[PDB]
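Just the one chain here, the form deposited in one PDB entry, laid out as structure tokens.
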């Protein structure tokens, strides 16, 4: 298909916010803490709710959404999770993932807590609703689950990238598992066929936190309008010629390759600039616990060292006490 990047329904780093402190073309509410790098929709405190929705409604028949996010928890269990909504009204505050219930649209829930007790979480659940069906909060929407693939998105070394595409009344969710820094490494998760959604509606994201607590960051949100090749108006008159393209792109490439060498000798010329790897950032929960045990053993080692040294001291004190008498 043909994709057009729509800026009015998108936000990306590293200038996500403005001097005012709000996201352009987006309204945030709840415990959302928008920053230049990312938006923390729900922080790691108890009973947090946050949501970021679009201001103007999006009128698309075929669209594609690329959501980059992180869910980092200290424990091995998350609380509620992320939710990506294409609805008719701005949900804002509510009891479903920090968003209002009884929505008229589609929602992809990244559930990370097993309310039902079926040991099938974390999982991705696509739920459509017409606005009069209550969401089953206590059962993770098992009855309403149109398609439910199972994947782990918590505590991953790289941001999890998901792609939700509505095309010919078919919703395809393809989820990068966040194990590799490569962008275009998407893996299929789920699809729903013949689903009716409102023609125009708001794009939103939301998150919530229950007893346990996770950090629910969203790094970027991208929206692409999709059109069929046959239904795409050609209008090739605007394109002038290929001669100007050939006259321009090679000087662009030459400028890039010259600027690389221009930066090369001053990257190392000034030693103030320093790098930093992204490997020590990631550490598993079990690895952290084992490192904690190993760190705790050092007190025992040092105390035993002190005991041994004191015993050596009393031994030498008895050593010097023998020859004094005779």
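Rigid core (definition): largest C-alpha set, two forms, superposition within 1.5 Å. Positions refer to the first chain, counted from 1. Shifts are known only where both forms have a C-alpha.
One more form of this protein exists, namely the form deposited in another entry; it is left out here, but the text below deals with it.
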query	finding
Answer among 46, 263, 55, 291 for the CA shift between the shown form and the other one that reaches 2 Å or more, rigid core superposed	291
Large Cα move at residue 319 between the shown form and the other one, threshold 2 Å, rigid core	yes
Threshold 2 Å Cα movement between the shown form and the other one at residue 12, rigid core reference	no
Exceeds or equals 2 Å, Cα of residue 310 between the shown form and the other one, core fit	yes
Change in CA distance between residue 291 and residue 160 in that other deposited form, which is 3 Å or more, as closer or farther	closer
Closer or farther in that other deposited form, the Cα atoms of residue 288 and residue 43, when the shift from this form is 3 Å or more	farther
Displacement runs between the shown form and the other one, C-alpha, 2 Å or more, three or more consecutive residues, core aligned	283-324
